[PDB]
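Residue numbers (UniProt numbering), protein chains in the order written: chain X, 22 to 92; chain C, 262 to 313; chain S, 354 to 462; chain G, 148 to 152, 159 to 223, 233 to 236; chain Y, 3 to 141; chain A, 918 to 1014; chain Z, 151 to 178, 211 to 269, 272 to 300; chain L, 1401 to 2085.
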Amino acid sequence: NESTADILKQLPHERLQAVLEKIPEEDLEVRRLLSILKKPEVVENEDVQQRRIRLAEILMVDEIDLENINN
Amino acid sequence: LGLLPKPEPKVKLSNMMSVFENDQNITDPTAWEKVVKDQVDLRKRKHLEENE
Amino acid sequence: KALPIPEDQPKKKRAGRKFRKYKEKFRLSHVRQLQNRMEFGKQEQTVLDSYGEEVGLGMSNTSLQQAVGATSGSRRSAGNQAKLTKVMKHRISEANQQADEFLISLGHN
Amino acid sequence: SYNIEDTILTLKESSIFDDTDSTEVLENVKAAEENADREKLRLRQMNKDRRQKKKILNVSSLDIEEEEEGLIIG
Amino acid sequence: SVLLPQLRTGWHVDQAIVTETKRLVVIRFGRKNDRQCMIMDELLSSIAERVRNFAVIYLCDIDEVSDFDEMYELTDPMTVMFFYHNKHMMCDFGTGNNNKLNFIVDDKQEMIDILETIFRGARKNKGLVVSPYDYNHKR
Amino acid sequence: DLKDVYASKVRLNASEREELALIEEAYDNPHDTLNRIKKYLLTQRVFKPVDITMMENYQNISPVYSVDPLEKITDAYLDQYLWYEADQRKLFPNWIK
Amino acid sequence: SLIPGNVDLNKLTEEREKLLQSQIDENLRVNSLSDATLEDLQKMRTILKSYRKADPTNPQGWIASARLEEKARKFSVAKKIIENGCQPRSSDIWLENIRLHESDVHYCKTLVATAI
Amino acid sequence: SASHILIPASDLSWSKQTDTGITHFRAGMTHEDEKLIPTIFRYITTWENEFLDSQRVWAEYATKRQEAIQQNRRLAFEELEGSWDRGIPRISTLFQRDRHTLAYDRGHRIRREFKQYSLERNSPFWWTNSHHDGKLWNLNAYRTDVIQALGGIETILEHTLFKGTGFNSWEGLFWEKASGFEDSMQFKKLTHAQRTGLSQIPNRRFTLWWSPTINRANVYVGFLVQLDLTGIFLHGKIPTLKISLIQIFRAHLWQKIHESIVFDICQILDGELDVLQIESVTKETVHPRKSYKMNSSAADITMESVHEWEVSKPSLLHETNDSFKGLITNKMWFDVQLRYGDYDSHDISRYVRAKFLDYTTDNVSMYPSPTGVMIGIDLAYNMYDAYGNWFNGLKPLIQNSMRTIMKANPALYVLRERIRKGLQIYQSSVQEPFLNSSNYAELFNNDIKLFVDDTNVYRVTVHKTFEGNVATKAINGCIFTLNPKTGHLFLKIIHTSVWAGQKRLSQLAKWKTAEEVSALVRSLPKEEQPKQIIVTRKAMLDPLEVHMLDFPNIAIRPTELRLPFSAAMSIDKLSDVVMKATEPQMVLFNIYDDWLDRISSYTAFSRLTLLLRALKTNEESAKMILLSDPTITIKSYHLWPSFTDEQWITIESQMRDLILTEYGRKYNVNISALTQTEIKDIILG
RNA sequence: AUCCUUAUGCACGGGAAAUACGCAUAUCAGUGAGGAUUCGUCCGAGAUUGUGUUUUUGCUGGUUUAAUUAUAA
């Protein structure tokens, strides 16, 4: 059972999708973590879901810690 | 990995003739027509359902 | 840079509507295959090339069509027709569109 | 004018120039494909039996030769 | 010439043959002063980078190592030889001697084709390979 | 006269196939290629480089010039035109052989 | 399309200048082939011989074996065949025989009078 | 050739085997000027004769043109059909169809001289445009003179493996060119070495074809080497032919041939024990290397007698005079010796008598008695003979048997194919691709197509009465042609009166149908004209081409599938239209009623395949599937009754049931065991 | 509330190409790359360098005979 969920976990899409659910969902809270992290508050056209995914991605690339440690 | 079902070939009214993988292609002509058409209508249904 | 390795690799196959349309460029079509057949015992049809060197088309014309000399239309494959590269296709169209405004400038003047 | 047999009979397939001047036959449509499918079937079951059971046939000269062996006014 | 390494003892030759499983071992037996030995050294020196995957080329001197002279019957200023899994390979070049090699090859591509064909036939255990080019006008 | 080079060939190199596309579109769009040629005549003064090879006759090694096929179309048309009008107007006397 | 035997200039020009003129209005045998081999033409002779022996009547065959061998060979052969199978009601063997076999006035009249 | 080269008298010798015997031909005993290979110096006319002919030819043309307009007429070809090839501009150029646009081409003689600098091809003709000047030479006669100089086709084929290919006549045969063969291999991705390795294949075919001459004692001298398990000798190294002969004999094939013919003569004699009064027939044990060993040999089959035999003088099969009073001895033996012959000696007679005497007189050989029969066979030239000790009822047996033995045996049949794969010589009748099960899905592409089936053209109905027999009446036939897409029919109804005054009614049918198809296609505009015309009968391929020469774009196919259109006369409206027609006519139909409004044409055609295939079988009991519900009404318009969709969905299953039950019932095959592609194969044909 | 414009995301349906699509702890580049001209000027984002694959990427389909048992003695 191990090598089944290990390859599944090693994959970048799943690795991001696991981080996506643990970031809170609101406009101002998503926005506040971005503003504190110095990344762009808003981009041209995005629904707040897509902004949340930009949270996940930006956390993934830099390998920065969770919003727990961020704040 | 086996977690997701193997995809079946997309069949259109053009491609309808040349897909022999399914049972009913030549031997039952009309039920195969119904199968194909309902596959198409089903995909368009998925599109509209997603939009709504 | 190094040659990769001579080791042969196991052949992989697919035949689609898309990919047969791709390899239609890369295969000898039916009519083109009939040039490659030499009928045993008698001379070919050969037609003078622009340089004058006889170009044999052996079986491409039915045994009756040599007598009448009507050649054939037969079945022309439209898939191996020559087509432009991405660089050349926009250069042609561009040249023509600017030639158009040129012909208009000469049209009103 | 030569026949093979409320039934209808049609011309059997024959080559133009190979036929030339020769006797022509009249056979039934269902009877022609009937006989052909009986013989070729007998060949198919013997194919599956030969290849499956791995038996080698006696055959040779007389057998293969005999395999080469295989009027109305209106 | 400087591109290719040289083998200064018989044990560097032998181990060079033994330690290499997956690609051909090509040795030029000859001396630096000879005329024909430097030419195949240049030819093989250009080819070494292309072929490093499926073959490797080494250099051996007869005066430096005289031990193999009688065993493989080394005459003429140079002999190129081909080894796969300690097995001396063999190919009929038309020169009448299916063993080793003698003459100076002309074009890079013709020698790369010899290496490629000897290799491919060597993977199948095939002892004799047939070159695409019979040069016997040379020998 | 640009086309007949390729009639004896069963296979096509990459460039020859491009040139066949050029001739074929030149047939399919004759008005458009007439306009394009005429504007090249009035206008274009700058051209893409010509590439040299050399034929060996084993005695005389002669230059061989390969131009770009768009330019080859205008050159072919202009050539055919100049010769038709030039002989139609009786330009060259009897002694140009 | 590069099979070389097909190209002839007339059909390409009248096929072309009409497409040119249409676009403008919208804006507003080869000598090269070897002659037929006697044995191929002989195959033609056997098939057509079977087809003329098929129908003694139905002059369409006689005219066909005449004009095909005409395009192939002609000279004596066709001119003899036509006169052979022309032996009466159908006017077409006469319209053909007249056109091909005449070449001189008196014999023209001789064929015309028989057709009359 | 430009050179003096003679054919020596030894090259012309050629032999041919017929069922009467083996005949030889040698032209060398005639002593005259020795036969020479022609050179071009005969076949090219001097410049003088060509120009001196040019003035007079153009003069004659001017005069004839004046005589034509003088009569208010235009030049007839027959006038100039005397001289075409004569004169330098080549009068034929006057009658070219493209001349009208060649007049605007000027300066070409200079263009060709300047094609040197635009492109890299050597142009051995820079001085001629065959368009302007014409074809200024014909070498065609050089060829026939080369063929006759070498003695004809036959004396050439004695220099080849042709007789090994097993073909009786060379007529229907063709070569697969190695030029194009080299092209199809370069569309794969290959290394330069893989590339050069494929250019030696055509040389390799050439070396096979001429092998019996290239391999002989006189050409290479040298010393014989023996191919390991065969009886083939190589005089020179010849690296290619060694490889090719090795690939011709695979898996101990030489031995399979010898064992094979021995099995054959066994099974022919063993049943004849009675007639010839033979107590036993014993094929002996075989040292496994005996077949291909040459120097020594030992008897194979042994034969015993009820009392004794009356031997004769040792002689050959095809000889006539026999005297059996020579001896009386006991028992017999047979050798069968395969030989792979050179062109030096292909004669089996001398070989069989020499080996016979040598072995029978050899001390090292082993034979049961001193009475026996040697049977030699050349596998390269497909020849045979026997030098026997003969008894009553052998030569009339051994001859008739060997006739079948050479043309039957699977071993030989395997030689002949392994060879003709190496030569890539093929037989063909129709070059066009047939309809297959795998080819079926192409019918539905955008090319307009037609189906033409003549099986109903001439028909006779036998009826049962009480008194005499076989009531027979001629009936109106029909030519049945449909296009599958639009579902549109063309029926030419052939009346009985058309058959009144002719005999040999078979060929008239196929030719009439060819004519009617020509008229039908010409009726249609170039918009509606088909591309592939598809015909079931193969005998209709030639008579259509004759009439279709005017339409070169249309292609004609036969089929391996039997299409169920002969049963089309079981439809009632159609057959009623055919029975009541008093004249040849043309009636349009839509078989699909309206199936195309609700349903695409593919499944509309594939349901028609079912409807018709079942009508070939159970007929009216396949009609009781249709006519079950009288509330379902055939209109005056349609043929088939109007249903909903699901009603068809059930009916198609019921129709498939008749097919699948009667196919098995007739052929004693169980329905359930059938694979899906076997069911679709049963439905199509 | 309806209607419309632009840009972006997802997508049903319809085409075209794979000498084509990419990659770079690498050099420059609206602080001007690369071109055009009718000689007045005009257009305005890639160019170099190395490299991966490229008659091809993944996946599939076809073809190459159960048990049981009955006589009058």
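For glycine and all other residues, C-beta sits at the position ideal for the given N, C-alpha and C.
Contact check, L:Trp1733 vs L:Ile1777, beta carbons under 9 Å | In the eighth sequence, residue 1733 of chain L corresponds to position 333, counting from 1. In the eighth sequence, residue 1777 of chain L corresponds to position 377, counting from 1. At a Cβ-Cβ threshold of 9 Å, L:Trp1733 and L:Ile1777 do not count as neighbours.
Run down chain A in chain order and give the residues with a C-beta less than 7 Å from the C-beta of Z:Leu170.
-> Working through the seventh sequence from its first residue, we reach residue 170 of chain Z at position 20. Close partners of Z:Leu170 in chain A (Cβ separation under 7 Å): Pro947 and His948.
N- and C-terminal bounds of the beta strand (DSSP E) containing L:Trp1733 | Within the eighth sequence, the letter at position 333 stands for residue 1733 of chain L. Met1732 to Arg1739 is the span of the beta strand (DSSP E), which, as asked, contains L:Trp1733.
Roughly how many whole angstroms lie between the Cα atoms of L:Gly2064 and C:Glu313?
-> On the eighth sequence, position 664 is the one that residue 2064 of chain L refers to. On the second sequence, position 52 is the one that residue 313 of chain C refers to. If you take the alpha carbons of L:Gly2064 and C:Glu313, they lie about 54 Å apart.
Output yes if chain Z places a C-beta closer than 9 Å to the C-beta of S:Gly422; else output no.
-> The residue given as residue 422 of chain S occupies position 69 in the third sequence. Residue contact check for S:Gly422 against chain Z: a CB pair falls below 9 Å.
Kindly examine the ligand ADP and report whether one of its heavy atoms sits closer than 8 Å to the Cβ of X:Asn91.
-> For the ligand ADP, the structure offers nothing, since it holds no ligand at all.
Could you say which of L:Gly1566, L:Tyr1781 and L:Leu1797 lies nearest to L:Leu1669 if we only look at CA atoms?
-> Here residue 1669 of chain L refers to the residue found at position 269 of the eighth sequence. Residue nearest to L:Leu1669 within the set L:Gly1566, L:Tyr1781 and L:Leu1797 is L:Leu1797 (criterion: CA-CA distance).
If you draw a straight line from the C-alpha of L:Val1921 to the C-alpha of L:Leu1850, how long is it?
-> Along the eighth sequence, one-based indexing puts residue 1921 of chain L at 521. Along the eighth sequence, one-based indexing puts residue 1850 of chain L at 450. C-alpha separation (whole angstroms): 10 Å.
Taking only beta-carbon atoms, is Z:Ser247 less than 9 Å away from chain G?
-> What you label residue 247 of chain Z is simply residue 65 of the seventh sequence in a count that begins at 1. Not one chain G Cβ lies under 9 Å of Z:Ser247.
Please look up how many angstroms separate the CB atoms of L:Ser1415 and L:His1424, rounded, as I've assumed it's under 8 Å.
-> Translated into the one-based positions of the eighth sequence, residue 1415 of chain L becomes position 15. Translated into the one-based positions of the eighth sequence, residue 1424 of chain L becomes position 24. Indeed they touch by this definition, with Cβ atoms about 5 Å apart.
Members of the region 50-80 of chain Y that neighbour chain S once the beta carbon cut-off is set at 9 Å = Within the region 50-80 of chain Y, the residues whose Cβ lies closer than 9 Å to any Cβ of chain S are, in chain order, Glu51, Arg52, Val53, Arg54, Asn55 and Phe56.
Residue-level contact to chain S via CB, A:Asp968, 9 Å cutoff | Working through the sixth sequence from its first residue, we reach residue 968 of chain A at position 51. Under the Cβ criterion of 9 Å, A:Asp968 is not counted among the residues facing chain S.
How about Z:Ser214: is its C-beta nearer than 9 Å to some C-beta of chain S?
-> What you label residue 214 of chain Z is simply residue 32 of the seventh sequence in a count that begins at 1. Yes, Z:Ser214 counts as interfacial toward chain S.
Residue nearest to L:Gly1622 in terms of C-alpha spacing, selected from L:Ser1611, L:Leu1634 and L:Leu1494 | As a position in the eighth sequence, residue 1622 of chain L is number 222, starting the count at 1. Among L:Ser1611, L:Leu1634 and L:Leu1494, the Cα nearest to that of L:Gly1622 belongs to L:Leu1634.
Thinking C-alpha only, which one of G:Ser213, G:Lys201, G:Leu194 and G:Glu177 is nearest L:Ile1805?
-> Residue numbering aside, residue 1805 of chain L sits at position 405 when the eighth sequence is read from its first letter. The residue among G:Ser213, G:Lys201, G:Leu194 and G:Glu177 with its C-alpha nearest the C-alpha of L:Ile1805 is G:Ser213.
From Z:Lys293 to Z:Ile277, what does the alpha carbon distance come to, in whole angstroms?
-> Position 109 of the seventh sequence, counting from 1, holds the residue named residue 293 of chain Z. Position 93 of the seventh sequence, counting from 1, holds the residue named residue 277 of chain Z. C-alpha separation (whole angstroms): 16 Å.
Determine the extent of the alpha helix (DSSP H) in which S:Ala420 is found, giving its start and end residues.
-> Along the third sequence, one-based indexing puts residue 420 of chain S at 67. Note, S:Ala420: alpha helix (DSSP H), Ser416 to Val421.
Is there a Cβ from chain S that is less than 9 Å from the Cβ of Z:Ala260?
-> Translated into positions along the seventh sequence, residue 260 of chain Z becomes position 78. Residue contact with chain S for Z:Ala260: absent (no Cβ-Cβ distance below 9 Å to any residue of chain S).
Using a C-beta to C-beta distance shorter than 7 Å, which residues of chain S count as neighbours of Y:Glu118?
-> Walking along the fifth sequence from the start, residue 118 of chain Y turns up at place 116. What Y:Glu118 touches in chain S: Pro359.
Going by other Cβ atoms of all chains shown within 10 Å of its Cβ, with 16 needed for buried, is L:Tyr1781 buried or exposed?
-> Along the eighth sequence, read from residue 1 onward, the residue named residue 1781 of chain L stands at position 381. Buried, by the Cβ-count rule.
Mind checking who Y:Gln8 pairs with in its DSSP beta bridge?
-> Translated into the one-based positions of the fifth sequence, residue 8 of chain Y becomes position 6. Per DSSP, the beta-bridge partners of Y:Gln8 are Y:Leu61.
Quick one: is Z:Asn177 near chain A, going by C-beta distance under 9 Å?
-> Here residue 177 of chain Z is taken as the residue at index 27 of the seventh sequence, counted from 1. Judged by the 9 Å Cβ criterion, Z:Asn177 is in contact with chain A.
From the DSSP output, in three-state form, read off X:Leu58 for me.
-> The count along the first sequence starts at 1 and reaches residue 58 of chain X at position 37. Note: X:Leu58 maps to helix in three-state DSSP.
In terms of residues, what are the limits of the alpha helix (DSSP H) holding L:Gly1534?
-> Your numbering for residue 1534 of chain L matches position 134 in the eighth sequence. Note, L:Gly1534: premise wrong, no alpha helix (DSSP H); not H, not E.
Proximity below 9 Å, CB of residue 2089 of chain L to CB of Z:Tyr291 = As displayed, chain L neither begins before 1401 nor continues past 2085, which places residue 2089 of chain L out of reach and without an answer.
Determine, using beta carbons only, whether S:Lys354 comes closer than 9 Å to chain Y.
-> Counting from one through the third sequence, the residue named residue 354 of chain S turns up at place 1. It does; some Cβ of chain Y falls within 9 Å.
So which residues on chain G does Z:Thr228 lean against when the C-beta distance must stay under 7 Å?
-> Indexing the seventh sequence from 1 puts residue 228 of chain Z at position 46. Residues of chain G with a Cβ closer than 7 Å to the Cβ of Z:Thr228 are, in chain order, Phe170.
By a C-beta neighbour count over all protein chains shown, 10 Å radius and 16 as the cutoff for buried, is L:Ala1651 buried or exposed?
-> One-based indexing of the eighth sequence puts residue 1651 of chain L at position 251. Residue burial annotation: L:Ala1651 is exposed, with fewer than 16 other C-beta atoms found within 10 angstroms of its C-beta.
For G:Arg203, which residues in chain L fall below 9 Å Cβ to Cβ?
-> Numbered from its first residue, the fourth sequence carries residue 203 of chain G at position 50. Those within 9 Å of G:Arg203 in chain L number zero; the least Cβ separation is about 13 Å.
Should C:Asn286 go down as buried or exposed, given a rule of 16 or more other Cβ atoms within 10 Å for buried?
-> Stepping through the second sequence from its first residue, residue 286 of chain C is reached at position 25. Under the 10 Å beta carbon count, C:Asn286 is surrounded by 16 or more other beta carbons and is classified as buried.
For L:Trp1570, the residue or residues it bridges with in DSSP = Numbered from its first residue, the eighth sequence carries residue 1570 of chain L at position 170. Partner(s): none; L:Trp1570 has no beta bridge.
Assign L:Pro1639 to one of three DSSP states: helix, strand, or coil.
-> Within the eighth sequence, the letter at position 239 stands for residue 1639 of chain L. The three-state reading of DSSP puts L:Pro1639 in helix, counting H, G and I together.
Provide the residue span of the alpha helix (DSSP H) that contains L:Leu1502, from first to last.
-> Stepping through the eighth sequence from its first residue, residue 1502 of chain L is reached at position 102. First-last of the alpha helix (DSSP H) with L:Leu1502: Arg1499 to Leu1502.
Own chain, CB closer than 6 Å to L:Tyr2002, minus 5 neighbours either side, in chain order = Residue 2002 of chain L sits at position 602 when you count from the first residue of the eighth sequence. Correct list, in chain order: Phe1844.
Cβ-based neighbour list, Z:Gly155, same chain, cut-off 8 Å, excluding 5 preceding and 5 following = Translated into positions along the seventh sequence, residue 155 of chain Z becomes position 5. Non-local beta-carbon contacts of Z:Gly155 in its own chain, meaning distances under 8 Å to residues more than five positions away in sequence, involve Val212, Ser214 and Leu215 in chain order.
Pull out every residue of the region 1516-1531 of chain L whose Cβ sits closer than 7 Å to any Cβ of chain A, in chain order.
-> Flagged, chain order: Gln1516, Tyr1517, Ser1518, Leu1519 and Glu1520.
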